[PDB]
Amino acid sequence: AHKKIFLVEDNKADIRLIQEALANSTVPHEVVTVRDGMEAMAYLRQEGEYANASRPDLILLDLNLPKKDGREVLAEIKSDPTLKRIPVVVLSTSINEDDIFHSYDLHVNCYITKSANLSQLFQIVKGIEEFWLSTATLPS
């Protein structure tokens, strides 16, 4: 009984920290990380090599992504008849007001800005894990 978390992020530093914070969970989880919007969609639509990759229970989405940005990934996921139910938490350095408004308008479940202080960000990821992987009841 393990939940899968799909992290779409390219910053290796953040990837490391995020993976470390999620690793210190009270319940083991599976974290799959892809580094660009393209891979993100291919993985979620189980296209190609990602033929048998199981559906994630939670998606953590960075916005400024290579190839295809998070804004586009979000719009395509929340518009898809089947992927739209997967909770998406945008976790980004962006404090841009347009990004905030647009993300919620596209039905993102939640928007979180990456802290400037590593330890703070670490605690934020812990909050994400505790609330979504423990307190909330996820679909399916």
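Don't overthink the numbering: it's just position in the shown sequence, from 1.
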State which stretch shows the higher mean Cα B factor in the entry: 97-105 or 32-40.
32-40
Averaging CA B factors per stretch from the PDB record, which one is higher: 128-136 or 18-26?
18-26
Chain-relative CA temperature factor third for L83:
middle
In terms of the chain's CA B-factor thirds, is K114 lowest, middle or highest?
lowest
On the chain's distribution of Cα B-factors, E47 falls within the third called highest
Going by what the PDB entry lists, where does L58 fall on CA B-factor within its chain: lowest, middle or highest third?
lowest
Based on the entry's values, in what third of the chain does the Cα temperature factor of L7 lie: lowest, middle or highest?
lowest
